[PDB]
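Below is one structure, written out as C-alpha cells; the observations come after it.
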Amino acid sequence: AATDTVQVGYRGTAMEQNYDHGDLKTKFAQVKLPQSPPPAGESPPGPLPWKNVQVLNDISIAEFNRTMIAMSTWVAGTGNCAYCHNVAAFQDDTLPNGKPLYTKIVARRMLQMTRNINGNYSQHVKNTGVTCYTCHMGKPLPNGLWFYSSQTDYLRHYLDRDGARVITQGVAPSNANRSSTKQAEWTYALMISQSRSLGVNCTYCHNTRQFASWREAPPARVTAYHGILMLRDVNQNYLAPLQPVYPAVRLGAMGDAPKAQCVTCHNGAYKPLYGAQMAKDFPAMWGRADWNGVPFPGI
Amino acid sequence: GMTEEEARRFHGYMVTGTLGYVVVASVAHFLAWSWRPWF
Amino acid sequence: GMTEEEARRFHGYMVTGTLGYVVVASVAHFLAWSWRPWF
Amino acid sequence: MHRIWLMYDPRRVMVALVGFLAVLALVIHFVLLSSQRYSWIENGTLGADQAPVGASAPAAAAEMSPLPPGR
Amino acid sequence: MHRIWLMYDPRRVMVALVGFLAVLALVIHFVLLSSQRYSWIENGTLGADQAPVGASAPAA
Amino acid sequence: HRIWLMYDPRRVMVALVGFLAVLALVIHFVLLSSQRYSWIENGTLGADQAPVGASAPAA
Amino acid sequence: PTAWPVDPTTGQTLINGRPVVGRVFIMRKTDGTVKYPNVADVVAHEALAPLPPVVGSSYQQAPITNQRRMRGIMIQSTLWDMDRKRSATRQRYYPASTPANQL
Amino acid sequence: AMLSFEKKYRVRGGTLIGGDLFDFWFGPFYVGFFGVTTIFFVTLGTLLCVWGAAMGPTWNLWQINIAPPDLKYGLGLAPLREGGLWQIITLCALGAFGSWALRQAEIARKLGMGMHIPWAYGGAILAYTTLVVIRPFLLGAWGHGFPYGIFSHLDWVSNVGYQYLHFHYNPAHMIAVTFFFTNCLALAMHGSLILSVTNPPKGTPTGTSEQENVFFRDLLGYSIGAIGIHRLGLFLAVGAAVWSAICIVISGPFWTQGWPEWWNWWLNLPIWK
Amino acid sequence: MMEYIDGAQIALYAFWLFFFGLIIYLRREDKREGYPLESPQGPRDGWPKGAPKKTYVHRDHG
Amino acid sequence: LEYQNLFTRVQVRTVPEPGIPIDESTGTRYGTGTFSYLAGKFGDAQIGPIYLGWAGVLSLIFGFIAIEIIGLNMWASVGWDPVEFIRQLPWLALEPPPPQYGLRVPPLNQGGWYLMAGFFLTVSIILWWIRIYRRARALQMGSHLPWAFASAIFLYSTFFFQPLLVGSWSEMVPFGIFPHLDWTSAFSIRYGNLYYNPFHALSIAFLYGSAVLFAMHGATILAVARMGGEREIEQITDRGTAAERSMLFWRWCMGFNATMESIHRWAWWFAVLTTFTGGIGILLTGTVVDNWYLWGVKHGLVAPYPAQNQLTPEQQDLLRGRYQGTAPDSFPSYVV
Ligand SMILES: CCCCCCCCCCCCCC(=O)OC[C@H](COP(=O)(O)OCC(O)COP(=O)(O)OC[C@@H](COC(=O)CCCCCCCCCCCCC)OC(=O)CCCCCCCCCCCCC)OC(=O)CCCCCCCCCCCCC
Ligand code: BCL
Ligand code: BCL
Ligand SMILES: CC[C@H]1c2cc3[nH]c4c(c3C)C(=O)[C@H](C(=O)OC)c4c3nc(cc4[nH]c(cc(n2)[C@@H]1C)c(C(C)=O)c4C)[C@@H](C)[C@@H]3CCC(=O)OC/C=C(\C)CCC[C@H](C)CCC[C@H](C)CCCC(C)C
Ligand SMILES: CC[C@H]1c2cc3[nH]c4c(c3C)C(=O)[C@H](C(=O)OC)c4c3nc(cc4[nH]c(cc(n2)[C@@H]1C)c(C(C)=O)c4C)[C@@H](C)[C@@H]3CCC(=O)OC/C=C(\C)CCC[C@H](C)CCC[C@H](C)CCCC(C)C
Ligand SMILES: *[C@H]1O[C@H](CO)[C@@H](O[C@@H]2O[C@@H](C)[C@H](O)[C@@H](O)[C@H]2O)[C@H](O)[C@@H]1O[C@H]1O[C@H](C(=O)O)[C@@H](O[C@H]2O[C@H](CO)[C@@H](O)[C@H](O)[C@H]2NC(C)=O)[C@H](OC(C)=O)[C@H]1OC(C)=O
Ligand SMILES: *[C@H]1O[C@H](CO)[C@@H](O[C@@H]2O[C@@H](C)[C@H](O)[C@@H](O)[C@H]2O)[C@H](O)[C@@H]1O[C@H]1O[C@H](C(=O)O)[C@@H](O[C@H]2O[C@H](CO)[C@@H](O)[C@H](O)[C@H]2NC(C)=O)[C@H](OC(C)=O)[C@H]1OC(C)=O
Ligand SMILES: COC(C)(C)C/C=C/C(C)=C/C=C/C(C=O)=C/C=C/C(C)=C/C=C/C=C(C)/C=C/C=C(\C)CC/C=C(C)/C=C/C=C(\C)C(=O)O
Ligand SMILES: COC(C)(C)C/C=C/C(C)=C/C=C/C(C=O)=C/C=C/C(C)=C/C=C/C=C(C)/C=C/C=C(\C)CC/C=C(C)/C=C/C=C(\C)C(=O)O
Ligand SMILES: COC(C)(C)C/C=C/C(C)=C/C=C/C(C)=C/C=C/C(C)=C/C=C\C=C(C)\C=C\C=C(C)\C=C\C=C(C)\C=C\CC(C)(C)OC
Ligand SMILES: CCCCCCCCCCCCO[C@@H]1O[C@H](CO)[C@@H](O[C@H]2O[C@H](CO)[C@@H](O)[C@H](O)[C@H]2O)[C@H](O)[C@H]1O
Ligand SMILES: [Fe+3]
C-alpha cells in the first residue's frame, strides 16, 4: 500500500503524481533487465564497399556493421540478419524467388523516419532521442498500433485532424468560439488517452483550474504539444504510406497501414524506457551533426 | 452457573480438539516446507 | 464479586502466564536473531 | 486455567473460536496466493529451486529513474 | 460428543453448515476458473504437461 | 496484587488479548512491508544476502 | 538593479547613499506571488487565441460497418480501452447490410 | 439576557472537566472549560490566519491563501513562511473543533439531553481530520493537505480530482453524492410537511400528525412517521460526511490509477467476462 | 459598454439583497417563542424585533 | 449504553390500517394498507394505499413512455444483446442531437429519440407537480411542498433553457448513468471551470448547509425524543420542556436559536435555495459568461500562484492551437 508521490506544481495546488510503489518497481525492473547493452564503439578507415545503401551513406564500415548488429537485436533478435536479408546477398531487396524483402524495404524507411524524429523533433525527444528499440522493444510489432475505424476516433488527432481547443480566451461569449460540450467530451477522451499513455494524471501538464493556461501549467505541456506535431509527421509521411509494402496480414480492416500514438514509444512511462539514453551511442540514427556536443564521426 | 465437573470435562474435549488441530497443522506445515521452504 | 482470595489466586495465573509467554517470545527472538540479526 | 470455562458460556466461546481460526486461515491463504513465491495455483508444480525469490538488490542505469523528476 | 446436539439445535446448525459449504465450493471453483493453469472451460482438454505454468525464477 | 479488585478479569483478559493481538499483527505487517524482512518472498536469503538500507555517503 | 550598491570600504550595502548595518535582502511576499491585475494581463502571458475551426464543406456518410452503435462521446476512453470481450467488441459497429438483389 | 423560560435551567453540573470553575455563562453562551479552550484555539488560529494574509500578496478576502508545505518536508514541520504556518493553524483547528464537540457534550449533559449532537458533529470532524491528518499521513507528507483560502482550496479540490482523471467514477464518491442529494430532498419534504400542517390556508384548522402521515404516504408509498424522518435525516446527513471521508481516503493511499479503470472488475465477472 | 459591470455580477448582488432580506425574516420568525428576553436592565428584544407569538386554532372536534 | 432512540424494539400493530379521510372524487385511493416489519423498525410501519387522480395517472403514462424510449435506445445500442445490456448498463446513453442541427428537429437515431424522451419526461414531471399541488389542497395543507418541488423543477428546466439560449440541443444532458457525469465534467471544462461560477459556489453552500441543518435538527430531535420532542406539531402548538431544551442547547452553544416551528423554515429555504441558485448559475453560463475563471480574474476571485512556465513570443504563436472542428469524413490513402 506504499505510495510514492512526485510534486510537479506549487505546494498548495495538489499538482502531484502518485505511484503504487510496488507496482512501479515491477515495471521498472521489467524494463531494466531486458534492456539490450550496446556493443563497443570502433572504427577503422576505408571507402564504402556497399552496392545498395541509400540511407547509411555517411558512416564508416565498422559503424555500419555495428548498426546492423544493433538493428537485429532491437527489431528481430541479436543474430537474426535473416529477418531482413537474403543472407547470401545482403545488397538484394528481393528473395531468390524474386519476391520483395518487404521487411528490408520497411526497415530502410524506418531508418529515414528515425533520423527525421531525432533530427527535426529534438524539441520533443531532446538528447534522449529514439532508436528502433524505443518502439520495437526487441519484437517486430510495437505497441499501440491503430487503424481506421470510425470517423470520430480521437487517434486521428495524430494523423489528419487538427485542433483540440474548446475554451474561450475571454470572459464573454463570442463568435470566435462556438465549441460544443460534446467537443469538450471529445478532447477529454483524447486527454485520458494521453494521460494513460504516459502513466501520469492531468496535473502533469495542466493546472486544472484552467486547462487552457500555459503559464500555470508545467513545462511538460510544451513538450507534449510537440509530440502531437511529431506523430502527425511520422504517421502521414512514414507509417501510413507503407500500405503497399506490407503483407495483407499487417493491414487494417480498411487495408490501411498500422499507425503510431504516444503509447507506442512511452508504453505507460513518463519517458520512454524511463529515460534510458541509447541514441547517443548510435550516430547512424542521429540526423544531427552532434549529440549533446559529441560530434558526428563523419568517416 | 457452570460446574467444575462440566468445566473439567469440557477442557478434555478442548485439549483433544486442539491437539488434533495442531497435529494436522504441523503435518501441513512440514509438507509445505518439503515442497517450498520459506527459510 | 472479588475477594482477596480470588484476587490473589488470579494474580498467580496472570503473573505465571505473562512470564511463560515472555519466555516463549524470548525463544522466538533467539530463533529470529539466529536467522537474520537486526543489529 | 480451566476456570476460563467458568467465565463464559462455552457455546459462545466455540462460536468465537471457530470464527477466529476461519478468518486467520483465510488471511494467511490469500496473502500467500497474492505472493509471487507461493502463487500455488499457477506455479505450484515448480521445483523449490525454480520458485521465485525476492531480489536482494535491483540494478540501475544512471540516466534512468523510475519516478518523473519533481519540484 | 453427541450431547453437543443438546447444546445446539440440529435443525439450525445444518442450515448454517449447508450454506457454508455452498459458499466455499463456489468460491474455490471461481478462483480456479479465473486462473491460467485451471481455466478448464477453455483449456481443460490440454494434457498435464501442456497446461500453463506460472513464470519461473530464472532472470539476469 | 489488589489491582484485580479494581478491574474485572472478564474485561481485563479480553482487553489484554486484544492489545497483544493488535500489537503482534502490527509488528508482523510492518516487518513484512520492509525490504529486509519481507520473509514470504525472501526468507530463504542468507543473512549476508538480505537487504540493508543505504549508508552515510561521506561526500 | 537586482541589488543596492555596495561600499568598497567595508562590503556594506548603501541605500539612498547611506550605509545599512546588516545583510540586505529585497523584501517579497510569500514565494514572490503577485496579484493578477487584469484579464488582459493574464491573457498577455498566454498563447494567442486559437485559430478558427476547420469544418468540412460537405458530409460524406461512412460505410455502415464504420458507424458506431453507441453515440456517447467518451466511451472509447471510459469503456472500450479496458473492455475487450469479443462479443461486446463486435457489437460496437453496425453489421454489414446489402440490398438483396446485390447478394 | 435570557429567554423568558431560561433561568430555571441554568444549574451547575454536567461538566466533563473543570467542575464549578468555569461553569457559568457569558451573555447567551455557556462557557465551561472547553469554552475556554475553544476561545484560545479560535483566537490563536484566527490571528495566525490574519498573519498569513499579511505576509501574502493581498488582503482581498477571496484571494488569501495559506498553503501547506512542499512534499519534500514529509511529516516534519516546515519553515513557518514555507507552510509551517499552515501546520500550526491546523493544530489550532483540530483543537477548536474538538473543544467545540466536548463543549456540546457538556451542554447536552446539563440539559438532560442525549449525546446525539456531539456525535453527529463528529462526522464532520472525521472528514476534516481525514483531509488534513489521515490522508496526508498515509501519503507520508503534510503537504497533501488542502490550503486555507476561500478559492485556493477549490483549486486543490479540482486538481485532486483530476489526479484520478475522472473523479466522478470513484464508487464511494457516487455514494457520498447520492447521500448529499437525497438528504437535501428529504430536508425539503420534512420542512414543507411540518410548515404546511402548522401554517394551513387561512381559515383552515391547524393540521395534525395524521394528515402529515397520510400525505407523506402518498409521496413515498409508506409512512416514515415522526421519529423515523429525524432518524433518516440524521442517517443521510452524517452518512454523506462518512462516505466523503471514505471516498477521499481511498484516493491515493489505496487506489492510484484513474477511477474509470477501477470498474474493470464489474466487466470481468465470470458470468459475462 | 460598461466594462466592469456584467450580468453575472448584477445577478449576484440581486441575490445578496434578497438573501439578507431572507435572514432578517427568518430571525423575526425565530423570536416568536421565548422573547422578549429577561435582563437585569429589563426586557430586551434583540434585533430584528421578533414577530408576535402565534395562537393556534384547534380542530373543532374531529 | 443509554438508550439512543435509533431503533425500536417493540412495535404495535392495529388490526385495521388507516384510510384516506376526505375529498374522494376525480380520483380514488388504490390498494389498501399493509405493514412492513423492516420499515416498522426504521420508522412507521404502514405501507399505504396511494393517490393518483387524473394528473397522477397521466404523469405515469408519459413517464413510462419516456423511460421506455430511454431503455430501448440503450438496449439497441448494444445490438439487443441482453447480457451486454446489463454488463454495460451504466455506460449506455440516449444521446442529444448533433451540434450542427442547432434547434432544428434531428434524425431519429441521431437524437430524435432523445428529444422525444425529453419531452415526455418534462410533461410527466409537470403533471406530477400538479398531482402534488392538488393533493396538498385536498388534505387542507399549505402549498409549501409544491413550491419546494418547483425549485427542483427550475434547475431541471435550465438543462432545457440554457441549451435553447446557446442555440443547440446538442448541449443537453445525455440520459445515462456515467454519460451524464461525462457531460457534467465536460460542461465545467467547456465553460472554464465552474468552481468560479459564484452561483455554483452559492448552490454548494446551500447544499452543504442542508446537510449541516438536517444533521443538527435530526440529532436535536433525537436528543429530546425521550421527552416527546418528535411530536413536533404538539410542541409547536403547546411548547413542552423538549422544545425549551432544544432552544437552550443551541442558544448556549452558538449564541442564538430558532423555534420548533421556525427551524423548519430554515430547513425549507436552505433546500430550496440549493436548486434555485443552481439554476441561475446554469442560465448565466454560456449566455453571459463563457469562461468563469476569467470572470473570476476580472472580479478578483483567483488566488495568484508563481508561474510554472514562461512562453517566449514565438511560442505564444506556435502553441496556440485551433478550435476543434468537424471529424474527418473520409479514410485517406497516403499512396501518393
Ligand atoms: C454563505 C451563505 C450561507 C450563510 C448562512 C449564514 C446564516 C447566519 C444566521 C445567523 C446570523 C444571526 C445571528 C444572531 O442572530 O445572533 C444574535 C444577535 C443578537 O440578537 P438576539 O439574539 O435576538 O438578542 C440577544 C442580544 O440582543 C442581547 O444578548 P446579550 O446581552 O446576552 O449579549 C450581548 C449581545 C451583543 O450583541 C452582539 O454581540 C451581536 C454581534 C453579532 C455579530 C455577528 C452578526 C452576523 C450576521 C450574519 C448574517 C449576514 C451578515 C452579512 O448579544 C450577543 O452576544 C449575541 C451573540 C450572537 C453571536 C452570533 C454569531 C453569528 C456569526 C455568524 C457568522 C456567519 C458568517 C457567514 O443578533 C444580532 O446581533 C443581529 C443579527 C441580525 C440578523 C442578521 C441580518 C443581516 C442582514 C443584513 C444587514 C442588516 C443591517 C440592518
Ligand atoms: C509449580 C512449579 C513451579 C516451578 C518449580 C520448579 C522446580 C521445583 C524446578 C524448576 C526448574 C526450572 N524452572 Mg520451573 N517452576 C515454575 C515455573 C517456571 C516458569 C514459568 C514460565 O512460570 C519458568 C520459565 C521456569 C523455568 C525453570 C528453569 C529455570 C528450570 C529448568 C526446567 C525448565 O526449563 O522448566 C520450564 C518450566 C516449565 C515446563 C513449567 C514448570 C513446571 C515443570 C514441571 C518444570 C520444573 C520441575 C522440574 C522438572 C523438576 C526436576 C527435579 C528437581 C531437579 C529436584 N519455571 C512453577 C511456578 N522449577 C528446576 C531448576 O531449578 O533447575 C535448575 C527445578 O528443579
Ligand atoms: C467537474 C465537475 C464540476 C461540476 C459541474 C456541475 C454542473 C455542470 C452542475 C453542477 C451543479 C451542482 N453542483 Mg457542481 N461540479 C463540480 C464540483 C462540485 C462539488 C465539489 C465538492 O467539488 C460540489 C459539492 C458540487 C455541488 C453541486 C450542487 C450544489 C449543484 C446541484 C444541485 C442539485 O441539487 O442538483 C441535483 C438536483 C437536480 C438535478 C434537480 C432534478 C429535479 C428533477 C425534477 C428530477 C427528475 C426525476 C424524474 C422524475 C425521473 C427521472 C427518470 C430517469 C430519467 C430514468 N459540485 C465541478 C466543478 N455542478 C448544478 C448546478 O446547479 O450548477 C450551477 C449543475 O448543473
Ligand atoms: C456531518 C454532516 C455535516 C455537518 C454537520 C454538523 N456541523 C456542525 C454540527 C453538525 C451536526 C454542529 O453541531 C456544529 C455546530 O455547532 O453547528 C452550529 C457544526 C458546525 N459546522 C460548521 C461548518 C461547516 N460544516 C460543514 C459540513 C458538515 N457539517 C457536514 C456536511 C462545512 C463544510 C462542508 O464546508 C462547514 C463550513 C460550523 C458552523 C459548526 C462548527 C463550529 C466550530 O467548530 O466552532 C469552533 C471553531 C470556530 C468558530 C473557528 C475555528 C477557526 C480556526 C481555529 C482557524 C481557521 C482554520 C480553518 C481550517 C480555515 C479554513 C479556510 C477555508 C476557506 C478552507
Ligand atoms: C429542493 C431540491 C431537492 C429536491 C426536491 C424535491 N424533489 C421532489 C420533491 C421535492 C420537494 C417532490 O415533492 C417530488 C416527489 O414526488 O418526491 C417524492 C420530487 C421528486 N424528486 C425526484 C427525483 C430527484 N430529485 C433530485 C433532487 C432534489 N429534489 C433536490 C436535491 C434528484 C437528483 C439529485 O438528481 C432526483 C433524481 C423524484 C423521485 C420526484 C418526482 C417524481 C416524478 O416526477 O415522477 C414522474 C413520473 C415518472 C418519471 C414515471 C414513472 C413510471 C414508472 C416506471 C411506473 C409505470 C407504471 C405503468 C406502466 C404506467 C401507468 C399505467 C396507468 C394505466 C396507471
Ligand atoms: C530478387 O529480384 C531482384 C530483381 O527482381 C534481384 O535484384 C537484382 O539486383 C539489383 C541490384 C538490380 O537492380 C536488379 O535488376 C536485379 O539485377 C535480386 O537479386 C533478387 O533476384 C532473384 O530473383 C530475381 C527475380 O526477379 O525473379 C531473379 O531474376 C531473374 O529472373 C527474373 C524472372 O524470370 C527475370 O525477370 C530477371 O531478368 C532475371 N535476372 C537475372 C539477373 O537473371 C534472380 O535470378 C538470377 C539468375 O539472378 C534471383 O537472384 C538469383 C541470384 O537467383
Ligand atoms: C478525406 O476527406 C476528408 C474531407 O476533406 C479529409 O478530412 C478533412 O481534413 C481534416 C483536417 C478535417 O478533420 C476534416 O474536417 C476535413 O476538413 C480527410 O482527411 C481525407 O482527406 C483526403 O481527401 C480530401 C478530400 O476531401 O478529397 C483531400 O482534400 C483536398 O481535395 C479536395 C478535393 O480535390 C478539395 O476539396 C480540398 O480542398 C483539398 N483539401 C486540402 C487541404 O488540400 C485531402 O487532400 C489534402 C491535401 O488534404 C486528402 O487528404 C489526404 C492526406 O489524402
Ligand atoms: C502472515 O502474516 C501475518 C498473518 C500477519 C502473520 C501473523 C499471524 C499471527 C499473529 C497469528 C496468530 C495465531 C494464533 C495466536 O494465538 C493462533 C492460535 C490458535 C489457536 C488457539 C487454536 C486452537 C484450536 C482449538 C480447537 C480447534 C479446538 C476444538 C475443540 C473441539 C472441536 C471440541 C468441542 C467440544 C466437544 C466435541 C464436546 C463437548 C462435550 C461436552 C460439553 C459434554 O459432553 O458435556
Ligand atoms: C515495530 O514498530 C513499532 C510498532 C512502532 C515499534 C514499537 C513498539 C511498541 C511501542 C511496543 C510496545 C510493547 C508493549 C508495551 O507495553 C508490550 C507489552 C506486552 C505485555 C503486557 C504482554 C503480556 C502478556 C500476558 C499474557 C499473554 C498473559 C497470559 C495469561 C494466561 C495464559 C493465564 C490466564 C489466566 C486465567 C485464565 C485465569 C484462571 C483463573 C481464574 C479465572 C480464577 O482463579 O478465578
Ligand atoms: C423493455 O423495457 C426496458 C427493459 C427497456 C425497460 C428498462 C429501461 C431502463 C433500464 C432504463 C434506464 C434508464 C436510465 C439508466 C436512465 C438514466 C438517466 C439519467 C441518469 C439522466 C440524467 C440526466 C438527464 C437530464 C438532466 C435530462 C434533461 C432533459 C431535458 C430537460 C429535456 C427536455 C426536452 C424537451 C422539453 C423537449 C421538447 C420537444 C421539442 C423541443 C421538440 O418541442 C418543444
Ligand atoms: C464445535 C463446533 C460447534 C458449532 C460451531 C458453530 C460455529 C458457527 C460460526 C462461528 C463463526 C461466526 O463468526 C463469528 O460470529 C461471532 C458471533 O458472535 C462474532 O462475534 C461478534 O459479533 C457478533 C455479531 O456478529 C456480536 O453479537 C458478538 O457480541 C461479537 O463477539 C465473531 O466476530 C465472528 O467471527
Ligand atoms: Fe422536525
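Here Cβ is always computed from backbone atoms with ideal geometry, including for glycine, and neighbour counts include all displayed protein chains. Every number here is computed from the coordinates shown, using simple stated rules; none is lab data.
To the nearest ten degrees, helix A:61-75 and the longest principal axis of the Cα atoms of chain A are 50 degrees apart. Work from the charge dipole of the protein assembly as shown (Cβ charges, +1 for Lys and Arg, -1 for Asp and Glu, about the Cα centre) and give the residue of D:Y8, A:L190, A:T128 farthest towards its positive end. It is D:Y8. Translational diffusion coefficient of the stretch J:228-297 (Stokes-Einstein, Kirkwood radius from Cα pairs, 25 °C, 0.890 mPa s): 162 µm²/s. Principal semi-axes of the equivalent ellipsoid, √(5λ) from the alpha carbon gyration tensor of the stretch A:121-254, are 30, 20, 13 Å from largest down. Per residue of D:6-16, other chain Cβ atoms within 10 Å of the residue Cβ number 4 on average. So which of A:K25/A:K182; H:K110/I:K53; A:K32/A:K259; H:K110/I:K54 end up more than 32 Å apart, counting from Cα to Cα? Exceeds cut-off: A:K25/A:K182. The magnitude of the dipole of the stretch J:4-132, with charges of +1 and -1 set on the Cβ of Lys/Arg and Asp/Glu and taken from the Cα centre, is near 280 debye.
Between helix J:262-284 and chain J there is an angle of about 10 degrees, using the helix long axis and the longest principal axis of the Cα atoms.
Each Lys or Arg adds one and each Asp or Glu subtracts one; over the other residues with Cβ under 14 Å from the Cβ of E:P52, this totals -2.
Taking amide H atoms as placed 1.01 Å from N in the peptide plane, the amide H of H:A78 lies under 5 Å from those of H:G84, each 5 or more residues away in sequence or on another chain. Which GluC sites (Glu not before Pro) does the stretch A:1-80 hold that lie in a coil by DSSP with at most 12 other beta carbons within 10 Å? Qualifying residues, ordered by number: A:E42. Computed over chain J, the convex hull of the alpha-carbon atoms projects to a mean area of 29.1 nm². Simple rule: put +1 on each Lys or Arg Cβ and -1 on each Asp or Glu Cβ in the protein assembly as shown, find the dipole, and look at J:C253, J:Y156, A:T223; the Cα lying farthest toward the positive end is J:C253. Less than 5 angstrom separates the built amide H of G:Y93 from those of G:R69, all sequence-distant by 5 or more or on a different chain.
Label sites at A:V55 and D:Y8, each approximated as a point 7 angstrom past Cα along Cα to Cβ, lie 7.5 nm apart. Averaged over the residues of D:56-65, the number of partner chain Cβ atoms lying within 10 Å of the residue Cβ comes to 6.
Close amide-amide hydrogen proximity is noted between G:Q12 and G:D7, each under 5 Å apart and 5 or more residues distant or on a separate chain (H modeled in the peptide plane; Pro and chain starts excluded). With the simple model of a label 7 Å out from the Cα in the direction of the Cβ, E:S56 to J:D238 spans 8.9 nm. Along the stretch H:67-73 the Karplus relation, 6.51 cos²θ - 1.76 cosθ + 1.60 evaluated at θ = phi - 60°, assigns HN-Hα couplings of 9, x, x, 4, 4, 4, 6 Hz to successive residues, with x for each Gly and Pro.
The C-alpha radius of gyration of the stretch H:1-71, expressed as a fraction of 2.2 N^0.38 Å, stands at 1.70. In the stretch A:119-152, whose amide N lies under 11 Å from the spot 7 Å out along Cα-to-Cβ of G:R84? List them in ranges. Once the point is set 7 Å along Cα→Cβ of G:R84, A:144-145 turn out to lie under 11 Å by backbone N, inside the stretch A:119-152. A straight Cα-to-Cα reach below 19 Å connects A:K51 with the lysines A:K104, residues fewer than 8 places away in its own chain not being considered.
Taken about its Cα centre, chain J carries a charge dipole of about 580 debye when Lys and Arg each add +1 at the Cβ and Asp and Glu each add -1 at the Cβ. Three semi-axes describe the equivalent ellipsoid of the stretch A:30-143; taken as square roots of 5 times the Cα gyration tensor eigenvalues and ordered largest first, they are 23, 18, 15 Å. Cα centroid separation, the stretch A:160-238 to the stretch J:45-71: 45 Å. How many percent of the alpha carbon pairs in chain H exceed a separation of 28 Å? Distances greater than 28 Å cover 56 percent of the Cα pairs. Pairs of Cα atoms in chain F fall into 5 Å distance bins, from 0 up to the last occupied one, in shares of 4, 14, 14, 12, 11, 10, 9, 7, 7, 7, 3, 1, 0 percent.
Extents of chain A, largest first, come to 69, 42, 38 Å (Cα atoms, principal axes, whole angstrom).
The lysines whose alpha-carbon is closer than 21 Å to the alpha-carbon of A:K27, local same-chain residues fewer than 8 away aside, are A:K139, A:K271. Below 13 Å, Cα to Cα, which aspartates and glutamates can A:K126 reach? Residues fewer than 8 away in the same chain don't count. A:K126 reaches A:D290. In order along the stretch A:137-142, the phi-based Karplus estimate (6.51 cos²θ - 1.76 cosθ + 1.60, θ = phi - 60°) of 3J(HN,Hα) comes to 6, x, 10, x, 10, x Hz; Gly and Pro are listed as x. Helix E:10-33 versus the longest principal axis of chain E: what is the Cα-based angle in degrees, 0 to 90, to the nearest 10? The helix E:10-33 is inclined about 0 degrees to chain E. Each of A:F211, A:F296, C:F30 was scored by other Cβ atoms within 10 Å of its Cβ. Listed from fewest to most, they are C:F30, A:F296, A:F211.
Per-residue Karplus couplings for the stretch H:200-214, computed as 6.51 cos²θ - 1.76 cosθ + 1.60 with θ equal to phi - 60°, are listed in order as x, x, 3, x, 7, x, 4, x, 9, 4, 4, 5, 4, 5, 4 Hz, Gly and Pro entered as x. Charged side chains reduced to their Cβ positions (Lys and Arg at +1, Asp and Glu at -1) give the protein assembly as shown a dipole of some 680 debye around its Cα centre. Peptide H:260-267 shows a mean partner chain C-beta count of 5 within 10 Å per residue C-beta.
Positive-end ranking of H:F5, A:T5, H:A54 along the dipole of the protein assembly as shown, with charges on Cβ about the Cα centre, is headed by H:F5. Quick one: check the C-alpha center-to-center distance for the stretch J:174-245 versus the stretch H:13-77, whole angstrom. The distance from the Cα centre of the stretch J:174-245 to that of the stretch H:13-77 comes to 26 Å.
The modelled label-to-label distance for the pair J:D81/J:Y30, using points 7 Å beyond Cα in the direction of Cβ, is 3.6 nm.
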